[PDB]
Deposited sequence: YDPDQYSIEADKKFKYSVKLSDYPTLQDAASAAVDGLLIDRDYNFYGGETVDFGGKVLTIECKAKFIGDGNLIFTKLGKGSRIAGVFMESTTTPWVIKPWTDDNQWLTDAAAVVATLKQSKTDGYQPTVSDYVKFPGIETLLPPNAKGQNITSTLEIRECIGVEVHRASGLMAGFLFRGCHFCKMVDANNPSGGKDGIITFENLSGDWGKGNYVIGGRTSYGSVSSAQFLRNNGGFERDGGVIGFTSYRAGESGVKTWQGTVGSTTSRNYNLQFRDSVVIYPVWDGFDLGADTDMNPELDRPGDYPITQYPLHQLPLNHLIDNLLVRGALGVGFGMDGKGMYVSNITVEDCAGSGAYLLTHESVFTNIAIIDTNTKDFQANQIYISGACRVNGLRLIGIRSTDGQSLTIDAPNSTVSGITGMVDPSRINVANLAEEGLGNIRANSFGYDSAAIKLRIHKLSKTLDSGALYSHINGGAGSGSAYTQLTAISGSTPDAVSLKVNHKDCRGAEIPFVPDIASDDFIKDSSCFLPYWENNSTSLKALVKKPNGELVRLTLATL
């Protein structure tokens, strides 16, 4: 029977049969079942002997610090893991019972409670985010460092599926071809909730967050250091949701970390959603103005690519952000293509784009900067193209809506205040035959505004105005020009009062020679001393003559 049993049954060991996790790991051949809660010490390291193991978790790993898994064979999987801290830290909750952000430091301090969830441990970034909070926080709420972290170290082809926890983190250090799949809403601790860090060894590749969601955490929900997906774009974040990140929902790191670059290239960021981050929805920058460095150890030098002009080459498409307190969508880079980005209902700005020679297609920035902290709703520094930009939802100082001074833009839609648009060039080169349809007014308008002349006043207009009442079947058309900073000061009319005639403006005094522009044209003007209209005529040969046009 022994011989036949060894052949016909599935091999699995279970933690309930062993005093330590290493003892279970050493015994395992195929399956390993975590069927009892396991208290680990920070830095406890398990050697899985290169075995291709299917680890099924049905209980908790309990501990502050890192439980470190090593030497898992390619194809290993870890399902259902649940990390939990031993410490219950002090957390802040900078939002109200109506889900309004709290921005006042004293109000934020008043939210303090001891809990493993429903808030986060204050960080040094909170000292900037909530000015004055550093002074107001009690000592027990500063400098806390509670996270229970599963660390997969120097493994290839390992997947963590359906992970969850409380004050929980997941770290893949020096790994390749690893994935965090269908995260089951872990509640975060002090460190990032999901981290792929490849500061030592080869640049990270094949590392993804696929599906799932996270909540809370003091810093970013999903973050990458020194990963390069290659031209194949083999890595990144797809199908992911982040809620209430203490920093950002999805972050590509900037600057030097330790002795080398933390930056990232060639990753996918797609089909993902970030809601209510304290800082950014997506932060896809590689150079940061928060800690400026004059070189890039381990990366391209400044001499090759200036600050914010790295050839980052990320594949970025179909992203949604709502409720950001900092910036909904932030990035830098040169030669970038970005598409189908929707940022709505944000207390902070919608987009902050330190990009050059880049293209943005179908962007929607809807009711952002709702607090008015920031100078604009969308900012672009460099020479970029925007093709399709929706601005303004239902929310109404002097802050700009779009400040993109070197960018050429087409296809704005929405009830934007034109004085709050600043671009290099705005144009609709390819419209068809047009109709302007006016509702709730006695007139329809096609206005012109020359921003060099004035950003706040229309310089001319083509109007149609009702004659008499509704259903009169009659209107007059009006062609106007600005004078003395008074819109519509001078105008020509057709059919005013249904008269069937053109009303023609004339110069109110003797016209100077230089008032007339073109040959074979005349300019009527008033001669008060004889009660007559004269005409300044530029003849077909270009010479001037003055004629009498209308007399008593």
Q. What portions of the deposited sequence, indexed from 1, have no corresponding C-alpha atom in the structure?
A. 1-5, 402-403
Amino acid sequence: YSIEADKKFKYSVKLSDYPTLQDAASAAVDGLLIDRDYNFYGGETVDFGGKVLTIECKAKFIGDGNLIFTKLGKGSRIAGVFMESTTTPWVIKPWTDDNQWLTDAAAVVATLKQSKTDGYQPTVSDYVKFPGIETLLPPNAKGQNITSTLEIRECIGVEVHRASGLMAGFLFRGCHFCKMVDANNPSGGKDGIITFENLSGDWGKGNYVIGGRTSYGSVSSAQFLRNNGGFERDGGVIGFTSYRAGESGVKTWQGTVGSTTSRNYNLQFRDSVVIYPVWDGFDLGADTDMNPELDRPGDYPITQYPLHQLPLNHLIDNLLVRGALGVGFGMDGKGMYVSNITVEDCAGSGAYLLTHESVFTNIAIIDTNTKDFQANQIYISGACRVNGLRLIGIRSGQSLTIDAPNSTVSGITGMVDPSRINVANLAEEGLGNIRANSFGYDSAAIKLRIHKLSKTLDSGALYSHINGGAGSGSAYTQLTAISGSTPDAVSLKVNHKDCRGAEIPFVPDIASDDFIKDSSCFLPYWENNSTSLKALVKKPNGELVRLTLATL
From here on, numbers count along this sequence of modelled residues.
Q. Of the other PDB entries compared that resolve residues on either side of residue 294, does at least a third omit it?
A. yes
Q) Counting the other entries of this protein, is residue 388 left out in at least a third of them? A) no
Q | Entry-level comparison of average CA B-factors, 467-475 and 277-285, reporting the higher stretch | A | 467-475
Q. Can you tell me which stretch has the higher mean Cα B-factor, 81-89 or 129-137?
A. 129-137
Q. Which has the highest CA B-factor per the PDB entry: 455, 162, 176, 371?
A. 371
Q: Would you mind checking which of 234, 295, 191, 317 has the top Cα temperature factor in the PDB entry?
A: 295
Q) What third of the chain, by the recorded C-alpha B-factor, contains residue 238? A) lowest
Q: Relative to the other modelled residues of the same chain, rank the CA B-factor of residue 202 and answer lowest, middle or highest third.
A: highest
Q.
Lowest, middle or highest third: which one holds residue 142 when the chain's residues are ordered by CA B-factor from the entry?
A. highest
Q) Mind checking which third residue 420 falls in for C-alpha B-factor across the chain? A) middle
Q. Hey, what third does residue 305 fall into on Cα B-factor, ranked over its chain?
A. highest
